[PDB]
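A.B. asks: mmCIF, C-alpha atoms and all ligand atoms, saved as protein-v3.cif, coming up:
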data_start
loop_
_atom_site.label_atom_id
_atom_site.label_comp_id
_atom_site.auth_asym_id
_atom_site.auth_seq_id
_atom_site.Cartn_x
_atom_site.Cartn_y
_atom_site.Cartn_z
CA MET I 1 -11.96 -36.68 16.56
CA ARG I 2 -9.94 -34.06 14.63
CA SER I 3 -7.70 -34.96 11.65
CA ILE I 4 -4.60 -33.25 13.01
CA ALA I 5 -4.86 -35.28 16.24
CA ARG I 6 -5.61 -38.57 14.41
CA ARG I 7 -2.05 -38.32 13.04
CA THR I 8 -0.45 -37.46 16.42
CA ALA I 9 -2.27 -40.55 17.79
CA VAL I 10 -0.75 -42.74 15.04
CA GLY I 11 2.65 -41.25 15.98
CA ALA I 12 1.97 -41.97 19.66
CA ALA I 13 1.17 -45.52 18.68
CA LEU I 14 4.27 -45.91 16.48
CA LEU I 15 6.56 -44.63 19.22
CA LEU I 16 4.90 -46.92 21.78
CA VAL I 17 5.72 -50.00 19.66
CA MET I 18 9.47 -50.25 20.31
CA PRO I 19 9.23 -49.67 24.10
CA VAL I 20 6.01 -51.70 24.58
CA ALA I 21 7.68 -54.56 22.69
CA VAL I 22 10.86 -54.44 24.79
CA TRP I 23 8.68 -54.15 27.91
CA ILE I 24 6.72 -57.30 26.85
CA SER I 25 9.88 -59.21 25.91
CA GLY I 26 10.95 -58.63 29.51
CA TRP I 27 14.46 -57.55 28.57
CA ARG I 28 16.51 -56.06 31.42
CA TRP I 29 19.78 -54.10 31.21
CA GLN I 30 23.06 -55.89 31.95
CA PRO I 31 26.54 -54.34 31.77
CA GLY I 32 29.44 -55.04 29.38
CA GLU I 33 27.83 -54.00 26.06
CA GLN I 34 30.01 -53.40 23.00
CA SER I 35 31.43 -49.97 23.90
CA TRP I 36 30.89 -48.49 20.38
CA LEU I 37 27.16 -48.93 21.06
CA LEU I 38 27.39 -47.32 24.50
CA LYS I 39 29.17 -44.32 22.87
CA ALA I 40 26.86 -44.13 19.83
CA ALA I 41 23.93 -44.34 22.26
CA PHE I 42 25.62 -41.65 24.33
CA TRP I 43 25.82 -39.32 21.32
CA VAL I 44 22.20 -39.94 20.39
CA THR I 45 21.35 -39.19 24.01
CA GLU I 46 23.67 -36.14 23.80
CA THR I 47 21.65 -34.74 20.86
CA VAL I 48 19.05 -33.95 23.58
CA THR I 49 21.26 -33.45 26.70
CA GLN I 50 21.39 -29.73 27.50
CA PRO I 51 24.92 -28.80 26.41
CA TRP I 52 24.50 -29.70 22.71
CA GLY I 53 20.74 -30.16 22.80
CA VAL I 54 20.00 -26.46 22.32
CA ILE I 55 21.30 -26.63 18.76
CA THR I 56 18.86 -29.45 17.80
CA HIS I 57 15.88 -27.61 19.28
CA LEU I 58 16.81 -24.27 17.63
CA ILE I 59 17.35 -25.85 14.23
CA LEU I 60 14.10 -27.81 14.53
CA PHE I 61 12.19 -24.75 15.79
CA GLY I 62 13.59 -22.77 12.89
CA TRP I 63 12.88 -25.51 10.39
CA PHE I 64 9.41 -25.96 11.83
CA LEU I 65 8.76 -22.21 11.48
CA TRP I 66 10.01 -22.52 7.94
CA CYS I 67 7.61 -25.39 7.15
CA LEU I 68 4.66 -23.82 9.03
CA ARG I 69 5.18 -20.38 7.45
CA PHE I 70 1.64 -20.06 6.00
CA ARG I 71 0.48 -20.22 9.64
CA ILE I 72 3.54 -18.49 11.07
CA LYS I 73 1.47 -16.66 13.69
CA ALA I 74 -0.16 -19.91 14.80
CA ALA I 75 3.33 -21.47 15.05
CA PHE I 76 4.86 -18.78 17.30
CA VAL I 77 1.91 -19.17 19.64
CA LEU I 78 2.33 -22.96 19.59
CA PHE I 79 6.06 -22.73 20.36
CA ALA I 80 5.42 -20.16 23.06
CA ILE I 81 2.89 -22.59 24.65
CA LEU I 82 5.58 -25.32 24.62
CA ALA I 83 8.23 -22.91 25.96
CA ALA I 84 5.70 -22.29 28.75
CA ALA I 85 5.16 -26.00 29.37
CA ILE I 86 8.94 -26.47 29.50
CA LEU I 87 9.12 -23.88 32.34
CA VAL I 88 6.05 -25.37 34.04
CA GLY I 89 7.83 -28.69 33.59
CA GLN I 90 10.91 -27.17 35.27
CA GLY I 91 8.64 -26.04 38.13
CA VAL I 92 7.18 -29.56 38.23
CA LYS I 93 10.69 -31.05 38.03
CA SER I 94 12.02 -29.42 41.21
CA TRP I 95 9.11 -30.80 43.25
CA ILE I 96 10.02 -34.41 42.24
CA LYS I 97 13.74 -34.24 43.26
CA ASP I 98 13.00 -35.81 46.68
CA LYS I 99 9.85 -37.84 45.88
CA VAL I 100 11.26 -40.45 43.48
CA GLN I 101 12.84 -43.65 44.83
CA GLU I 102 12.51 -46.16 41.97
CA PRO I 103 16.08 -46.93 40.80
CA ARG I 104 17.57 -46.78 37.33
CA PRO I 105 18.54 -50.21 35.85
CA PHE I 106 22.27 -49.63 36.40
CA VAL I 107 21.61 -49.24 40.16
CA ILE I 108 20.43 -52.85 40.46
CA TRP I 109 23.60 -54.30 38.90
CA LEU I 110 25.58 -51.84 41.06
CA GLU I 111 24.16 -53.09 44.39
CA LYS I 112 24.60 -56.72 43.34
CA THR I 113 28.30 -56.10 42.58
CA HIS I 114 28.84 -54.30 45.93
CA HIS I 115 27.09 -57.13 47.83
CA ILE I 116 24.57 -54.81 49.43
CA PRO I 117 21.33 -56.65 49.99
CA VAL I 118 18.09 -55.33 48.49
CA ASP I 119 16.75 -55.35 52.09
CA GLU I 120 19.28 -52.95 53.67
CA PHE I 121 19.60 -50.69 50.61
CA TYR I 122 15.94 -49.57 50.70
CA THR I 123 15.88 -49.25 54.47
CA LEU I 124 18.00 -46.07 54.12
CA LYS I 125 17.27 -42.36 54.11
CA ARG I 126 16.44 -41.45 50.50
CA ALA I 127 19.29 -38.92 50.55
CA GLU I 128 21.88 -41.20 52.24
CA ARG I 129 20.81 -43.81 49.67
CA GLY I 130 21.21 -41.77 46.47
CA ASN I 131 24.55 -40.46 47.73
CA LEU I 132 25.88 -43.96 48.29
CA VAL I 133 25.12 -44.63 44.62
CA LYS I 134 26.95 -41.39 43.73
CA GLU I 135 29.94 -42.34 45.97
CA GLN I 136 29.93 -45.99 44.78
CA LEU I 137 30.30 -44.80 41.17
CA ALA I 138 33.51 -42.75 41.64
CA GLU I 139 35.13 -45.89 43.21
CA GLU I 140 34.07 -48.17 40.31
CA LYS I 141 36.80 -48.33 37.68
CA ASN I 142 34.74 -50.65 35.49
CA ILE I 143 32.95 -48.04 33.41
CA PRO I 144 34.47 -45.27 31.33
CA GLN I 145 34.55 -41.70 32.67
CA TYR I 146 31.95 -40.38 30.19
CA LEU I 147 29.27 -42.84 31.37
CA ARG I 148 30.11 -42.70 35.07
CA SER I 149 29.56 -38.91 34.93
CA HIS I 150 26.24 -39.29 33.10
CA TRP I 151 25.17 -41.82 35.71
CA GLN I 152 26.26 -39.39 38.39
CA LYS I 153 24.54 -36.49 36.62
CA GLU I 154 21.34 -38.55 36.18
CA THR I 155 21.66 -40.03 39.69
CA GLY I 156 20.16 -43.44 39.29
CA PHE I 157 16.77 -42.20 40.44
CA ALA I 158 14.34 -42.92 37.65
CA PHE I 159 13.12 -39.39 37.07
CA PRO I 160 10.75 -39.12 34.12
CA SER I 161 12.53 -39.13 30.77
CA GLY I 162 13.21 -35.52 29.81
CA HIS I 163 15.16 -36.90 26.86
CA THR I 164 12.09 -38.86 25.62
CA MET I 165 9.48 -36.13 26.22
CA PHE I 166 11.50 -33.69 24.13
CA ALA I 167 12.51 -36.12 21.33
CA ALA I 168 9.07 -37.75 21.15
CA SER I 169 7.31 -34.34 21.08
CA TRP I 170 9.37 -33.20 18.16
CA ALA I 171 8.44 -36.35 16.27
CA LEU I 172 4.76 -36.01 17.24
CA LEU I 173 4.73 -32.35 16.05
CA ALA I 174 6.14 -33.62 12.73
CA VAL I 175 3.47 -36.24 11.96
CA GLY I 176 0.93 -33.91 13.59
CA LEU I 177 1.56 -30.71 11.62
CA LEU I 178 3.75 -31.61 8.63
CA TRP I 179 2.23 -34.84 7.24
CA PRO I 180 -0.13 -32.91 4.87
CA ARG I 181 2.87 -30.78 3.83
CA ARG I 182 4.62 -33.82 2.30
CA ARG I 183 7.52 -33.45 4.77
CA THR I 184 8.23 -37.12 4.44
CA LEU I 185 12.04 -36.83 4.85
CA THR I 186 11.58 -34.73 8.00
CA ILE I 187 8.92 -36.86 9.67
CA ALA I 188 10.79 -40.08 9.08
CA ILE I 189 14.03 -38.73 10.55
CA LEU I 190 12.38 -37.53 13.71
CA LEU I 191 10.62 -40.82 14.29
CA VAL I 192 13.87 -42.74 13.82
CA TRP I 193 15.64 -40.18 16.04
CA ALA I 194 13.06 -40.16 18.84
CA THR I 195 13.18 -43.96 19.03
CA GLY I 196 16.98 -43.97 18.82
CA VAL I 197 16.80 -41.68 21.86
CA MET I 198 14.33 -43.94 23.63
CA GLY I 199 16.48 -46.93 22.84
CA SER I 200 19.62 -45.07 23.97
CA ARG I 201 18.00 -44.49 27.36
CA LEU I 202 17.60 -48.27 27.69
CA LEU I 203 21.15 -49.03 26.52
CA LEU I 204 22.73 -46.77 29.14
CA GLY I 205 20.56 -48.28 31.85
CA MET I 206 18.94 -44.94 32.57
CA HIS I 207 15.30 -46.01 32.30
CA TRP I 208 12.78 -48.91 32.20
CA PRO I 209 10.40 -49.25 29.20
CA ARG I 210 7.46 -48.23 31.42
CA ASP I 211 9.21 -44.81 31.72
CA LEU I 212 9.51 -44.42 27.96
CA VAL I 213 5.83 -45.36 27.52
CA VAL I 214 4.78 -42.84 30.17
CA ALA I 215 7.16 -40.23 28.64
CA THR I 216 5.82 -40.96 25.16
CA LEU I 217 2.27 -40.64 26.48
CA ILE I 218 2.94 -37.34 28.28
CA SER I 219 4.15 -35.98 24.93
CA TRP I 220 0.98 -37.17 23.14
CA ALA I 221 -1.04 -35.40 25.83
CA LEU I 222 1.02 -32.22 25.80
CA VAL I 223 1.29 -31.85 22.00
CA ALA I 224 -2.44 -32.45 21.46
CA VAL I 225 -3.30 -29.83 24.10
CA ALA I 226 -0.72 -27.30 22.85
CA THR I 227 -1.92 -27.65 19.23
CA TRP I 228 -5.55 -27.15 20.34
CA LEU I 229 -4.77 -23.88 22.14
CA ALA I 230 -2.87 -22.55 19.15
CA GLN I 231 -5.86 -23.62 17.00
CA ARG I 232 -8.50 -21.97 19.22
CA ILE I 233 -6.30 -18.90 19.77
CA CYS I 234 -4.67 -18.37 16.36
CA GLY I 235 -6.86 -20.38 13.95
CA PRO I 236 -5.98 -23.56 11.97
CA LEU I 237 -2.46 -24.96 11.55
CA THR I 238 -3.66 -27.11 8.65
CA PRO I 239 -2.38 -25.84 5.31
CA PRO I 240 -4.58 -23.20 3.67
CA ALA I 241 -5.52 -23.14 -0.03
CA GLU I 242 -2.52 -20.95 -0.86
CA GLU I 243 -0.35 -23.71 0.60
CA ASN I 244 -2.03 -26.57 -1.28
CA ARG I 245 -1.87 -25.21 -4.86
CA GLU I 246 1.84 -24.54 -4.18
CA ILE I 247 2.18 -28.17 -3.06
CA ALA I 248 -0.04 -29.55 -5.84
CA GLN I 249 2.03 -27.44 -8.26
CA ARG I 250 5.32 -29.00 -7.12
CA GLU I 251 3.89 -32.52 -7.63
CA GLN I 252 2.98 -31.83 -11.28
CA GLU I 253 6.20 -29.84 -11.82
CA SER I 254 8.27 -32.89 -10.85
CA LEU I 255 6.41 -35.30 -13.17
CA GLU I 256 6.42 -32.84 -16.08
CA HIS I 257 10.15 -32.19 -15.42
CA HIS I 258 11.16 -35.41 -17.18
CA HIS I 259 9.59 -33.81 -20.30
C1 LIG X 301 -0.57 -24.11 28.87
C2 LIG X 301 0.47 -24.85 29.70
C3 LIG X 301 0.25 -26.36 29.67
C4 LIG X 301 0.72 -27.01 30.98
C5 LIG X 301 1.56 -28.26 30.76
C6 LIG X 301 2.59 -28.49 31.87
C7 LIG X 301 3.63 -29.52 31.41
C8 LIG X 301 4.04 -30.53 32.48
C9 LIG X 301 4.61 -31.80 31.84
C10 LIG X 301 5.98 -32.21 32.39
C11 LIG X 301 5.89 -33.08 33.65
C12 LIG X 301 6.87 -34.26 33.63
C13 LIG X 301 7.77 -34.36 34.86
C14 LIG X 301 9.21 -34.01 34.56
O1 LIG X 301 10.12 -34.55 35.18
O2 LIG X 301 9.53 -33.03 33.54
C15 LIG X 301 10.78 -32.32 33.59
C16 LIG X 301 11.73 -32.72 32.45
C17 LIG X 301 13.03 -33.32 33.00
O3 LIG X 301 14.16 -32.76 32.34
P1 LIG X 301 15.64 -33.31 32.69
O4 LIG X 301 16.47 -32.12 33.12
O5 LIG X 301 15.47 -34.49 33.63
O6 LIG X 301 16.22 -33.83 31.26
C18 LIG X 301 17.37 -33.25 30.62
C19 LIG X 301 17.33 -33.53 29.12
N1 LIG X 301 16.30 -32.68 28.45
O7 LIG X 301 12.04 -31.59 31.63
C20 LIG X 301 11.03 -31.25 30.63
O8 LIG X 301 11.44 -30.79 29.58
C21 LIG X 301 9.54 -31.44 30.84
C22 LIG X 301 8.72 -30.71 29.78
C23 LIG X 301 8.78 -31.39 28.41
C24 LIG X 301 8.01 -30.59 27.36
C25 LIG X 301 8.77 -30.45 26.04
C26 LIG X 301 7.95 -30.87 24.83
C27 LIG X 301 8.05 -29.86 23.68
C28 LIG X 301 9.42 -29.87 23.01
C29 LIG X 301 9.36 -29.21 21.63
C30 LIG X 301 10.50 -28.21 21.44
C31 LIG X 301 10.35 -26.93 22.26
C32 LIG X 301 10.72 -25.70 21.43
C33 LIG X 301 10.96 -24.43 22.25
#
Represent the structure contained in this file as structure tokens.
C.D. replies:
Amino acid sequence: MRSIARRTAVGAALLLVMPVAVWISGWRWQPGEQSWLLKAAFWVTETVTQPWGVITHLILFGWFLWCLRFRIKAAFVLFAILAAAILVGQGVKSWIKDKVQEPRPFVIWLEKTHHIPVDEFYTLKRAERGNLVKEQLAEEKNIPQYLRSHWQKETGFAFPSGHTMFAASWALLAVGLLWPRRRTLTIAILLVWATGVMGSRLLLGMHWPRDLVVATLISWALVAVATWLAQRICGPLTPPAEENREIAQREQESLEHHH
């Protein structure tokens, strides 16, 4: 298959490692973590959560346009196609709001502590059920207000990781499009970041590693499709000859600099 999508596949693999591992190790979320880690995880999570998350995406978008400038037309198309998918994804989202029942990790601990049997809990109206989680939270004094709210906002229904799809996609677009452009500092950061985000989902008890693997995989799918359209529509995203001699120039300019 194509060279651009070989690299996205390697990314998809790399991002699968952490969550597949943790899945295999059979680790489950318990409460009472060191609260610096909860907060640091919260911020990492927050770098994608919609209040502050718009900054990240704009800066990346911008930066990506900057890096992809020799194919700037191709890039705008590509980002349009993803802006579309986001809005499709928001159409898709609304349909799921009543379908999901699988609980988030923190819900399990929460029903243990309130001595509600697994049996009764799931023999409830989906709505009455998810409300009782919402009401049970605001009576718990155990957890700090910033997490309680997030748990309330998230609702302890294991909706697919929006946080991971976004973060992972960015990092897949990096290895995908920028690897030949020597954007080694970029790529690296986004991989670390994406995984930090995945890991932060686990630390808050928002998701199970299956979810992150699905989320990662959706991204691999989506990115590979979006890039293909942009390729078929607007021609290659791979650097042209003008781009290479500029790159190959900067290599030899750095070695010859010492002289
Ligand atoms: C030609 C059209 C192709 C058709 C493809 C249709 C795409 C459908 C794939 C999504 C289906 C997954 C189900 C789902 O629940 O998605 C909704 C997801 C949830 O978002 P939450 O509000 O829960 O999360 C808040 C924190 N972001 O919110 C989402 O964001 C889902 C979409 C994720 C895509 C983003 C990846 C690209 C990001 C790169 C930056 C964008 C730059 C503008």
A.B. asks: Which residue, I:83, I:65, I:171, I:16, has the smallest gap to residue 193 of chain I when you use only C-alpha atoms?
C.D. replies: I:171
A.B. asks: May I ask you to write as a ChimeraX atom specification all residues lying at most 7 Å from ligand LIG 301 (chain X), with only C-alpha atoms and all ligand atoms counted?
C.D. replies: /I:48-50,57,61,79,81-86,88-90,92-93,159-163,165-166,169-170,218-219,222,226
A.B. asks: Which polymer residues have any atom within 9 Å of an atom of residue 110 of chain I, counting only C-alpha atoms, with same-chain residues fewer than 6 positions away left out, as a list in words?
C.D. replies: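 Everything that qualifies: residues 116, 133, 136 and 137 of chain I.
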A.B. asks: Mind checking which residues fall within 12 Å of residue 129 of chain I, counting only C-alpha atoms, ignoring those fewer than 3 positions away in the same chain, and posting them as a PDB file with C-alpha atoms, in the coordinates of the input?
C.D. replies:
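Written out: selection.pdb:
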ATOM      1  CA  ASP I  98      13.000 -35.810  46.680  1.00  0.00           C
ATOM      2  CA  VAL I 100      11.260 -40.450  43.480  1.00  0.00           C
ATOM      3  CA  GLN I 101      12.840 -43.650  44.830  1.00  0.00           C
ATOM      4  CA  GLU I 102      12.510 -46.160  41.970  1.00  0.00           C
ATOM      5  CA  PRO I 103      16.080 -46.930  40.800  1.00  0.00           C
ATOM      6  CA  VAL I 107      21.610 -49.240  40.160  1.00  0.00           C
ATOM      7  CA  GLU I 111      24.160 -53.090  44.390  1.00  0.00           C
ATOM      8  CA  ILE I 116      24.570 -54.810  49.430  1.00  0.00           C
ATOM      9  CA  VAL I 118      18.090 -55.330  48.490  1.00  0.00           C
ATOM     10  CA  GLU I 120      19.280 -52.950  53.670  1.00  0.00           C
ATOM     11  CA  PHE I 121      19.600 -50.690  50.610  1.00  0.00           C
ATOM     12  CA  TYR I 122      15.940 -49.570  50.700  1.00  0.00           C
ATOM     13  CA  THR I 123      15.880 -49.250  54.470  1.00  0.00           C
ATOM     14  CA  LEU I 124      18.000 -46.070  54.120  1.00  0.00           C
ATOM     15  CA  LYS I 125      17.270 -42.360  54.110  1.00  0.00           C
ATOM     16  CA  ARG I 126      16.440 -41.450  50.500  1.00  0.00           C
ATOM     17  CA  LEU I 132      25.880 -43.960  48.290  1.00  0.00           C
ATOM     18  CA  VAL I 133      25.120 -44.630  44.620  1.00  0.00           C
ATOM     19  CA  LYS I 134      26.950 -41.390  43.730  1.00  0.00           C
ATOM     20  CA  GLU I 135      29.940 -42.340  45.970  1.00  0.00           C
ATOM     21  CA  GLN I 136      29.930 -45.990  44.780  1.00  0.00           C
ATOM     22  CA  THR I 155      21.660 -40.030  39.690  1.00  0.00           C
ATOM     23  CA  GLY I 156      20.160 -43.440  39.290  1.00  0.00           C
ATOM     24  CA  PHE I 157      16.770 -42.200  40.440  1.00  0.00           C
TER      25      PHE I 157
END
A.B. asks: Tell me, in Å to one decimal, how far atom CA of residue 178 of chain I is from atom CA of residue 238 of chain I.
C.D. replies: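 Separation of atom CA of residue 178 of chain I and atom CA of residue 238 of chain I: 8.7 Å.
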A.B. asks: Out of I:36, I:23, I:179, I:228, which residue has the shortest atom-to-atom distance to residue 67 of chain I when counting all atoms listed in the file?
C.D. replies: I:179
A.B. asks: If I take atom CA of residue 197 of chain I and atom CA of residue 164 of chain I, how far is one from the other in Å, to one decimal?
C.D. replies: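 Separation of atom CA of residue 197 of chain I and atom CA of residue 164 of chain I: 6.7 Å.
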A.B. asks: Complete the atoms of segment 29-57 of chain I to N, CA and C atoms and put them out as a compact mmCIF listing (two decimals), keeping the file's coordinate frame.
C.D. replies:
# COMPACT_ATOMS: atom_id res chain seq x y z
N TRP I 29 18.43 -54.58 31.53
CA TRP I 29 19.78 -54.10 31.21
C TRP I 29 20.85 -54.82 32.04
N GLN I 30 21.87 -55.32 31.34
CA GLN I 30 23.06 -55.89 31.95
C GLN I 30 24.23 -55.07 31.46
N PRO I 31 25.37 -55.12 32.17
CA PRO I 31 26.54 -54.34 31.77
C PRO I 31 27.31 -54.96 30.60
N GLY I 32 28.50 -54.42 30.31
CA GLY I 32 29.44 -55.04 29.38
C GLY I 32 29.06 -55.05 27.90
N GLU I 33 28.19 -54.13 27.48
CA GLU I 33 27.83 -54.00 26.06
C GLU I 33 29.07 -53.66 25.23
N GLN I 34 28.94 -53.77 23.91
CA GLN I 34 30.01 -53.40 23.00
C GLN I 34 30.15 -51.87 23.06
N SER I 35 31.30 -51.39 23.53
CA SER I 35 31.43 -49.97 23.90
C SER I 35 31.34 -48.95 22.74
N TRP I 36 31.25 -49.39 21.49
CA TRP I 36 30.89 -48.49 20.38
C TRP I 36 29.41 -48.10 20.46
N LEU I 37 28.61 -49.05 20.95
CA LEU I 37 27.16 -48.93 21.06
C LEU I 37 26.79 -48.05 22.26
N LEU I 38 27.51 -48.22 23.36
CA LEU I 38 27.39 -47.32 24.50
C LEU I 38 27.67 -45.86 24.11
N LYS I 39 28.72 -45.65 23.30
CA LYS I 39 29.17 -44.32 22.87
C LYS I 39 28.22 -43.72 21.82
N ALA I 40 27.83 -44.55 20.85
CA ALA I 40 26.86 -44.13 19.83
C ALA I 40 25.51 -43.81 20.47
N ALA I 41 25.13 -44.61 21.48
CA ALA I 41 23.93 -44.34 22.26
C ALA I 41 24.13 -43.03 23.02
N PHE I 42 25.30 -42.87 23.62
CA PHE I 42 25.62 -41.65 24.33
C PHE I 42 25.47 -40.43 23.43
N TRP I 43 25.95 -40.49 22.19
CA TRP I 43 25.82 -39.32 21.32
C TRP I 43 24.35 -39.06 21.02
N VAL I 44 23.62 -40.11 20.67
CA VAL I 44 22.20 -39.94 20.39
C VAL I 44 21.54 -39.27 21.59
N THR I 45 21.82 -39.79 22.78
CA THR I 45 21.35 -39.19 24.01
C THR I 45 21.80 -37.75 24.05
N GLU I 46 23.08 -37.50 23.77
CA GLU I 46 23.67 -36.14 23.80
C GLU I 46 22.98 -35.16 22.86
N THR I 47 22.40 -35.64 21.75
CA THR I 47 21.65 -34.74 20.86
C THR I 47 20.47 -34.05 21.54
N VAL I 48 20.12 -34.52 22.75
CA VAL I 48 19.05 -33.95 23.58
C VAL I 48 19.56 -33.37 24.92
N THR I 49 20.62 -33.96 25.48
CA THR I 49 21.26 -33.45 26.70
C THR I 49 21.63 -31.97 26.52
N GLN I 50 21.47 -31.19 27.58
CA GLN I 50 21.39 -29.73 27.50
C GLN I 50 22.63 -28.96 26.99
N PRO I 51 23.84 -29.57 27.05
CA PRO I 51 24.92 -28.80 26.41
C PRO I 51 24.70 -28.62 24.90
N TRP I 52 24.62 -29.73 24.17
CA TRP I 52 24.50 -29.70 22.71
C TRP I 52 23.07 -29.66 22.24
N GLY I 53 22.14 -29.97 23.15
CA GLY I 53 20.74 -30.16 22.80
C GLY I 53 20.03 -28.90 22.35
N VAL I 54 20.62 -27.74 22.65
CA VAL I 54 20.00 -26.46 22.32
C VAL I 54 20.06 -26.22 20.81
N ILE I 55 21.14 -26.70 20.20
CA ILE I 55 21.30 -26.63 18.76
C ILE I 55 20.09 -27.30 18.08
N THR I 56 19.93 -28.60 18.36
CA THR I 56 18.86 -29.45 17.80
C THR I 56 17.50 -28.74 17.85
N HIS I 57 17.16 -28.26 19.05
CA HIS I 57 15.88 -27.61 19.28
C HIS I 57 15.76 -26.31 18.48
